[PDB]
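A structural walkthrough
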Amino acid sequence: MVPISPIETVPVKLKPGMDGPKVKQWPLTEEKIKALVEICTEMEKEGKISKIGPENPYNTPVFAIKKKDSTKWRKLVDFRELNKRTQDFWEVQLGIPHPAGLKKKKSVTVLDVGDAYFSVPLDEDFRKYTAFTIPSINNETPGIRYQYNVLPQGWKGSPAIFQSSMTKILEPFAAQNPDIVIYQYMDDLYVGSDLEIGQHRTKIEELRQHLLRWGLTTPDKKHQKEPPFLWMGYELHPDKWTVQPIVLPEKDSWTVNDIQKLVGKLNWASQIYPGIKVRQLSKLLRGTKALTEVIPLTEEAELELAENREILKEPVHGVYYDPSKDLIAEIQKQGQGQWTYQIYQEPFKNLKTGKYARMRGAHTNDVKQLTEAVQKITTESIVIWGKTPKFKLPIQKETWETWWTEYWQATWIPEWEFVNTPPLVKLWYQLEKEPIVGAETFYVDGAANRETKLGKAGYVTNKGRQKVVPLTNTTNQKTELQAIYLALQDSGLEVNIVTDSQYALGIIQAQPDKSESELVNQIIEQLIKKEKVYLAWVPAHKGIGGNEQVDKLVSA
Amino acid sequence: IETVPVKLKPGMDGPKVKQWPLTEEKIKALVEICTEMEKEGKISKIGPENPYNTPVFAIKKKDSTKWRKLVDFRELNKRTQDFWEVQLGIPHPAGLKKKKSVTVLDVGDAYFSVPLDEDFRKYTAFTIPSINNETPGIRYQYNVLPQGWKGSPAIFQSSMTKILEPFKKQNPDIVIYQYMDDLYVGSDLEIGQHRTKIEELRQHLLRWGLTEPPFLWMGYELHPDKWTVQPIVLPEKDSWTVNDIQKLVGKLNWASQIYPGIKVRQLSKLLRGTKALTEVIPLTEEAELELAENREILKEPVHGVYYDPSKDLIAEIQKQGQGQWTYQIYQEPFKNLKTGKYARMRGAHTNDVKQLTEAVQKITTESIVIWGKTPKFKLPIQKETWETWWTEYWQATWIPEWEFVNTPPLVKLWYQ
Ligand SMILES: C[N+]1(C)CCc2cc3c(cc2[C@H]1[C@@H]1OC(=O)c2c1ccc1c2OCO1)OCO3
Ligand SMILES: Cc1cc(/C=C/C#N)cc(C)c1Nc1ccnc(Nc2ccc(C#N)cc2)n1
């Protein structure tokens, strides 16, 4: 006998105040019991489970399930109740590597470590909670009682404890062989390197020898799995990656479900297929959730879908990451709050692509959305590559400078350069810092009656120009905006406007270029036509003229 | 040498805070730092039966070339029991903010000399992430009092008081105040004399240590006796345009929420007509008198202003442009406890976000000196922008709480 090192147990507890499970065993057919008896006798021989005395008060139900197209049974232990009662664990598997962050490899070898899993012993003090009972034939004897000695399949702690145990075992091997990479997934180890094949094979044999120290054996007869790999919805190849085939179905009509699935595929595709769009399709799913409802596609959705089909007509692949090179991220505006990007190191060779959509909200502008996209890409890039890419953005340096220096919030985007690819992001208007000499001054006001919803909006000017318009089904806020709109409409290319609307100032000072409010959009359209606009605020009801006059005209 | 039992607050579990993404340089730095700390017995690797987490990152303190590990214990700090067993609390010294010079020392390394309650260690779990999650994050917990945890100064306090006694006894006029990993040391000595005393003080810690700290040597000098405040001031002009008067009436209307007897009636009558904004308007006698009366009111302190230690401090900041920032600290609206203005943002000429991050740190320091706690910030920045960048510019060993302001305040104009 060659001594093997035991695997250290992870200590496990139930949640505070909770006892173990006490769940009734279901009746089983005579045929199933005989099957289960055989399996457990075999499992017992192998040391996975042990017969226990009558003292243990816990129980978890066991089932026998027929393996389709076979006459063979499998055991299934239903640990749902124990799982609810078991502590939370650190789950190492939460974050999966993005293929775009991987490095090219010459060789990747797969080793089956399926035998090691049932070799991971269970914390001695916890075993009692895993007790289960094989019912007896005709219920004429006590059921056969067992508990687990190893990590049970289906138990809450098994994946985290298995993974952590394998990592600790593999640690010294990885540390002392810095020229390979090792990745565990389920019951397999993946071992990659750039060594000449003879040296790579030697490393695999050395890994096998290392693993034997804990008695974990692997099959001489090599894995059926070899590059390329199907993994987590991707295809991994030695020197490129892609998403698994994306096939958009033909349909005469689309249900809610069809559309959710369609958008899901497009979202998945968008990490390597450049320019994917989902706005108009996603708009169809707004608010409603009877999955069977049939939604007529809008013309816009039909256009988006056709554009996506064209994007998807043939395979596109990404390359892997070369740490010796800079990362570059380029962004384009697509319209309707949509943005698309590519991250590459060499021209025409993307590591990945992606998209960003405008946030929900009342008003917005392209510079703010571009800024948001940059932060999103920055954070994604730190995760995947550990560094911020250099940005190529469709905004002139002078535009950005004017924006950030004058914007009421602090704002920043990291190192970037202008790329002249339309449509360019620009500032559509900029308010004056000081009142304009020689420009007509419009004193504006609006008010509405909260009961009748009638209101008025208008202005008076230093030239004696005046206007009041009667409005129906309106509110104070809308009349305040209407008054500013009237002043913009009726003035020359330069204008001073005096308002008491805190609401309107708060909107305009946010510098929107688009709004959910049609009225705000009309104001923006007017601002775009002006050469100079100075917007002055004064407090209401303070005897402040022009304002006071217009208030009287509009509050009547 | 013996641990103080510590617990979380009733009905609370440990922190489970996500680790945010770290750059390659910071991961490599933390791996190097934690390997040494593990070797020194300060931290130990942990297994999957510990599900807790607190985020970690790395910074460079002001004027140093070495990376410092910084744990963001904000969540654990909220969840941790309060510490009143031995003492009700150290009355904050009101004399500290009156000293001519205050030097801030990093004394956090001293805490590592005290073991942490074995049953509490699990709640200090943290993770060093790997790039692209390619390898499992390296998981550790503390065996000793951690830097940045509110329990550390609380537990170490009896040890600190004993270490400093001869210095206090030899220098009875020095004010020493501990906040988290910081020691604040104030005197009225000529700086040269002051610095030598600071170095004298370091020698006690070093001496104690050896019976080696990476950052004790440093010294952040403050001069709170010179700290400057911001009363409300009105323009002095010979010629007022309609616009000037509108701005003045606006500012006064706002100030009238702070000061009761402020009046705008007579000034407001000036804005009655509908004159071009740039037209000059002569002040009436009634208006001049009202302006004069308002100026006199604004020279007095605000009525009914008091500090309540049971209430949060709130700090608001406005970007004024050209590297300038204004701020106010209050507990009740219109009852400012401190206001101020900065323009001296060091090495941040084309970066607003770095400037704001440095403003937040300066304001928090002022807050610690004056009241002995940190304010809750209202930051004029989008969440996503702040959260992407602030850790790049952070140099302090504590972290305050903050929320984001998404609608432009009109008030910015009045602090300008
Ligand atoms: C907490 N300890 C006792 C120390 C260090 C450590 C660090 C870990 C871990 C478990 C452990 C355990 C313990 O130490 C081991 O090396 C170990 C441990 C428990 C279980 C194991 C182990 O190797 C094989 O299976 O999971 C992943 O990271
Ligand atoms: C995450 C991961 C998944 C699989 C495999 C999962 C599955 N199924 C295999 C390995 C070895 C890794 N780990 C790493 C780490 C760094 N670079 C790489 N590059 C890399 C991986 C596979 C191929 C290929 N073909 C090429 C390069 N892989």
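Residues numbered from 1 in each chain as written, not as in the entry; some residues may be left out. Chains lettered and ligands numbered in written order. Heavy atoms only, no water. Residues with missing side-chain atoms left out of burial classes, pairs and counts.

If you check the header, you'll see the entry was determined by X-ray crystallography and the resolution is listed as 1.950 Å.

Scanning all chains against the criterion turns up 43 aromatic pairs over all chains. Against the face of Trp-402 of chain B rests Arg-74 of chain B, its NZ or CZ located 4.6 Å from the ring centre. (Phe/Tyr/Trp six-rings, centres within 6.5 Å; stacked < 30°, edge-to-face > 60°. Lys NZ or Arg CZ within 6 Å of the ring centre and 35° of its normal.)

The next point concerns the domain arrangement of chain A. Where interface size is quoted, it is often the accessible area lost as the parts come together. Residue and element names in this part refer to chain A. You can read the domains of chain A as domain 1 (1–92 + 118–158), domain 2 (93–117 + 159–227), domain 3 (228–321), domain 4 (322–428) and domain 5 (429–556). Relative to domain 4, the C-alpha centre of domain 3 lies at a distance of 23 Å. If you look at the interface, domain 3 gives 19 residues, while domain 4 gives 18 residues. Here domain 3 meets domain 4 over a buried area of about 1,400 Å², counting both sides, of which 52% is carbon and sulfur. On the domain 3 side of the interface with domain 4, the three residues burying the most area are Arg-279, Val-319 and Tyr-321, jointly 47% of the side's total. Where domain 3 meets domain 4, there are 12 residue pairs in polar contact. Broken down by class, the residue content of the side of domain 3 that touches domain 4 amounts to nine nonpolar, seven polar and three charged. (Domains from an automatic or database assignment. Contact = heavy atoms within 4.5 Å. Buried area = accessible area lost by both parts, 1.4 Å probe. Polar contact = N/O pair within 3.5 Å; in protein donor to acceptor, adjacent residues only side chain to side chain. Nonpolar A, V, L, I, M, F, W, Y, C, P; charged D, E, K, R; others polar.)

It is worth spelling out the nonpolar core at this point. Judged by nonpolar contacts, the single largest core of 92 residues is most densely connected at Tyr-184, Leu-379 and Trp-394 of chain B. Ranked by residue count, the leading element in this core is helix α8 (residues 352–371) of chain B, at nine residues. What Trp-394 of chain B contacts, discounting residues up to four positions off in sequence, is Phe-57, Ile-59, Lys-60, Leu-70, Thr-357, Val-360, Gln-361, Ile-399 and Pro-400 of chain B. Counting 62 residues, the second largest nonpolar core, distinct from the first, contains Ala-504, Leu-505 and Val-533 of chain A together with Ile-262 of chain B. (Core = buried A, V, L, I, M, F, W, Y, C linked by side-chain atoms within 4.5 Å. Buried < 20%, exposed > 50% of the residue type's maximum accessible area, 1.4 Å probe, protein only. Helix = DSSP H or I, 4+ residues; strand = E, 2+ residues; numbered from the N terminus.)

Close to ligand 1 lie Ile-7, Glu-8, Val-10, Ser-164, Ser-165 and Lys-168 of chain A together with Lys-45, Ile-46, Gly-47 and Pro-48 of chain B, which account for all nearby residues. Within the contact set of ligand 1, an oxygen atom lies 3.4 Å away from a side-chain nitrogen or oxygen of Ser-165 of chain A. Across the complex, the protein chains shield 72% of the 530 Å² of accessible surface that ligand 1 would expose by itself. Residue composition of the shell around ligand 1, grouped by class: four nonpolar, three polar and three charged. (Near = heavy atom within 4 Å. Areas by Shrake-Rupley, 256 points an atom, 1.4 Å probe, with all protein chains shown as cover.)

Between chain B and chain A, the contact holds 62 residues from the first and 68 residues from the second. The junction of chain B with chain A conceals about 5,200 Å² of combined surface from both sides, 60% of it contributed by carbon and sulfur atoms. It is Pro-48, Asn-132 and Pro-408 of chain B in chain B that bury the most area against chain A; as a group they hold 13% of the surface buried on that side. Linking chain B to chain A there are two salt bridges. For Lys-16 of chain B, the salt bridge identified is with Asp-88 of chain A, shortest N-O distance 2.8 Å. (Salt bridge = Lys/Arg side-chain N within 4 Å of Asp/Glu carboxyl O.)

A word on the sheet that holds strand β17 (residues 416–418) of chain A. Residue and element names in this part refer to chain A. With mixed pairing, five strands are arranged side by side in an open sheet as β14-β13-β12-β16-β17. The sheet is open, and its two edges are formed by β14 (349–357) and β17, each paired on a single side. Sheet twist, expressed as the mean angle between neighbouring strand axes with direction ignored, is 25 degrees. Examined bridge by bridge, strand β13 (residues 338–346) and β14 share eight bridges and lie antiparallel to one another. Across the sheet, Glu-346 pairs through a bridge with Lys-349, a residue of β14. Helix α9 (residues 366–385) rests against β12 (328–335), β13, β14 and β16 (390–393) of the sheet, and its axis sits at about 40 degrees to β13. (Pairing = 2+ DSSP bridges. Axes fitted to C-alpha atoms, helices over the stretch in contact; angles between N-to-C directions.)

With that settled, the discussion passes to the domain arrangement of chain B. By the assigned domains, chain B splits into domain 1 (5–94 + 120–160), domain 2 (95–119 + 161–221), domain 3 (222–307) and domain 4 (308–416). In this structure, domain 1 of chain B and domain 3 of chain B have C-alpha centres spaced 50 Å apart.

Residue and element names in this part refer to chain A. Surveying the vicinity of ligand 2 reveals 17 residues, the closest of which are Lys-103, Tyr-183, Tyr-190, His-237 and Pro-238. Within the side chain of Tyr-190, a nitrogen or oxygen atom sits 3.3 Å from a nitrogen atom of ligand 2. For ligand 2, whose free accessible area comes to 590 Å², the fraction covered by protein is 99%. Listing elements by their share of the shell around ligand 2, those giving two or more residues are β7 (180–185) and β9 (229–231). Here the shell around ligand 2 takes three residues from β9, the largest share from any one element. In terms of residue class, the shell around ligand 2 is built from 13 nonpolar, one polar and three charged. Split by domain, the residues of the shell around ligand 2 number at least three in each of domain 2 (93–117 + 159–227) and domain 3 (228–321).

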